[PDB]
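Comments concern the structure below.
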Amino acid sequence: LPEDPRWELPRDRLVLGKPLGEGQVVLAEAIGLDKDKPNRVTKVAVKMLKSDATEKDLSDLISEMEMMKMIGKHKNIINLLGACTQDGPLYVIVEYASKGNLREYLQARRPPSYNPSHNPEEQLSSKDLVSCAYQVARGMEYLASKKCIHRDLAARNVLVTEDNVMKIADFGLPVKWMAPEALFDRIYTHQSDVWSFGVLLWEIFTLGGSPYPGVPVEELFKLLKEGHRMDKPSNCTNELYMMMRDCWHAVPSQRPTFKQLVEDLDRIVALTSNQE
Ligand SMILES: COc1cc(OC)c(Cl)c(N2Cc3cnc(NC4CCCCC4)nc3N([C@H]3CCN(C(=O)/C=C/CN(C)C)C3)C2=O)c1Cl
């Protein structure tokens with residue numbers, strides 16, 4: 001594989017740590033990732049091919065990496081940090097998110113709807129929830145501006161850092177998150193991503209609720225054509241419900257853009273107190 005000096009990090013500068021999940025992702029420590037601070041260690045996530053991996057697996061991993069190079073940096077996406085491509089197997093180094101995906105993060109913060117965790121965490125304010133939504137919309141607005149269409153936007157594909165920064169995941173590569181047009185015609189656009197975001201908003205305000213609970217997949221597209229839409233979560237403002245519903249406009253052209261959603265969420269965040 002051709003070397004790329006803009007991203008290469010010597011292999012011995014990376015201390016492989018524990019599994020993070022399934023190629024596969026391990027936690028690691030990078031020594032001197034910032035060339036200005038060569039004695040600093042930074043926790044990172046690393047992706048590499050699985051044990052019984054194919055040629056297709058390899059070139060997808062490369063495509064993902066090359067795509068990540070082009071998209072550029074934004075604080076609300078999982079950014080590329082480097083790669084080990086030479087002295088052995090391919091490693092792709094990206095930012096680490098210690099607090100899990102948003103779906104788990106939220107569930108684990110439910111009041112003791114059911115809390116599956118034996119290790120529960122502290123309650124989130126109303127302002128925190130809106131601000132989570134705002135950050136995710138910022139992520140997507142940036143991705144949309146670089147002409148990237150996600151296709152599987154959902155709370156499970158948002159990750160949360162140690163500092164509670166929301167970061168879009170796997171943006172360079174389930175039916176209950178798809179716009180109808182994607183579901184039927186396999187037509188994915190920025191507008192279908194906006195649909196997916198509405199579902200993601202509903203997850204936020206159900207603290208990780210499963211969408212369309214009890215509805216079988218088979219039925220769902222029909223129900224959707226007939227104008228079926230999820231009910232408002234028990235604890236969600238009418239305003240934020242309207243945003244969900246706008247995201248779920250049957251006509252893709254009539255949905256708001258991520259640009260507009262960011263603006264709207266910015267206003268709502270500033271209008272929601274830390275105490276309400
Ligand atoms: C090219 O490499 C990547 C490209 C990416 O998007 C463009 C992403 Cl999102 C990733 N990441 C980076 C990443 C960063 N931090 C974490 N933290 C874990 C969160 C899950 C709990 C422990 C820490 N994970 C990353 N992973 C995956 C690894 C597993 N992930 C999950 O959400 C797993 C959920 C399963 N539950 C039951 C624990 C996210 C990734 O796949 C990686 Cl490694």
Side-chain angles (χ1 to χ4, degrees), residues 4 6-9 14-21 23-30 33 42-48 53 57-85 89-110 114-117 120-121 132 135-136 138-140 142-144 146-174 177 193 196 200 203-204 208 210:
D4 182 358
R6 312 127 92 203
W7 300 101
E8 197 73 15
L9 174 79
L14 198 68
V15 192
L16 299 188
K18 73 146 180 292
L20 288 192
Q24 64 214 149
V25 181
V26 309
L27 178 59
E29 275 163 303
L33 184 47
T42 300
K43 297 196 175 208
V44 297
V46 183
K47 192 178 205 184
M48 60 184 64
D57 283 3
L58 177 59
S59 60
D60 287 356
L61 181 54
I62 297 165
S63 287
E64 181 171 39
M65 173 183 52
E66 292 300 317
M67 179 280 186
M68 291 182 75
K69 294 172 184 186
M70 306 292 295
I71 295 280
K73 289 200 183 312
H74 191 261
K75 75 169 311 216
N76 301 113
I77 65 179
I78 293 287
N79 298 288
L80 185 63
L81 298 172
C84 306
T85 64
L90 174 59
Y91 293 163
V92 181
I93 315 156
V94 311
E95 294 167 328
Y96 170 60
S98 65
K99 292 184 165 180
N101 70 51
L102 181 65
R103 173 158 147 95
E104 293 168 343
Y105 172 87
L106 288 161
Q107 281 175 326
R109 289 161 178 70
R110 287 174 166 189
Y114 153 69
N115 193 320
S117 189
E121 307 282 357
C132 165
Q135 282 168 64
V136 172
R138 292 263 273 184
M140 291 301 305
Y142 176 80
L143 287 183
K146 314 302 293 218
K147 288 95 116 126
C148 170
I149 302 169
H150 194 306
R151 305 193 162 79
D152 180 36
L153 176 60
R156 85 192 151 255
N157 291 328
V158 176
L159 286 168
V160 191
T161 66
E162 180 64 14
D163 296 318
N164 305 283
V165 178
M166 307 290 146
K167 286 177 170 294
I168 308 295
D170 286 338
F171 56 85
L173 272 50
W177 281 261
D193 274 356
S196 298
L200 188 153
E203 296 182 86
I204 286 169
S210 228

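Position 1 is the first residue of the sequence; numbering continues from there. In listed order, ligands and their atoms are each counted from 1. Worth knowing before you read on, the calculation uses all heavy atoms, side chains too, and leaves out hydrogens, waters and symmetry mates.
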Atoms in ligand 1 flagged as close to [X], the criterion being non-hydrogen separation under 4.0 Å:
X: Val94; value: 1 (C), 2 (O), 3 (C), 10 (C), 12 (C), 42 (C), 43 (Cl)
X: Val92; value: 1 (C)
X: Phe171; value: 7 (C)
X: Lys47; value: 1 (C), 2 (O), 43 (Cl)

Validation row: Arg103, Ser210 side chains within 4.5 angstrom (heavy atoms): yes
Heavy-atom side-chain contact between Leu16 and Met48 under 4.5 Å: yes
For [X], which part has a heavy atom under 4.0 Å from ligand 1: side chain, backbone, both, or neither?
X: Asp170; value: both
X: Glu64; value: side chain
X: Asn157; value: neither
X: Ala45; value: side chain
X: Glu95; value: backbone

Cation-aromatic face contact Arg138/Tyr142, 6.0 Å, 45 degrees: no
Residue list, side-chain hydrogen bond (donor to acceptor under 3.5 Å, both in side chains) with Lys75, at least two apart or on another chain: none
Donor-acceptor under 3.5 Å (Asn157 side chain, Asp170 main chain): no
Salt bridge (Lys or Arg N to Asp or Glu O under 4.0 Å) pairs, two or more places apart, involving residues 90-102: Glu95-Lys167
Closest candidate by heavy atom, reference atom 20 (C) of ligand 1, pool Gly100, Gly23, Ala83, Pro19: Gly100
Nearest-option assignment for atom 18 (C) of ligand 1, heavy atoms, candidates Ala169, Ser98, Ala97: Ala97
Greater than 12 external heavy atoms within 6.0 Å of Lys18's NZ: no
Partner of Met68 by side chain to side chain contact (heavy atoms under 4.5 Å, CB included), out of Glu64, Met70, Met65: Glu64
N/O separation below 3.5 Å, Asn101 to ligand 1: yes
Pair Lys43 + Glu162, salt bridge at N-O below 4.0 Å: no
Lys167 heavy atom under 4.0 Å from ligand 1: no
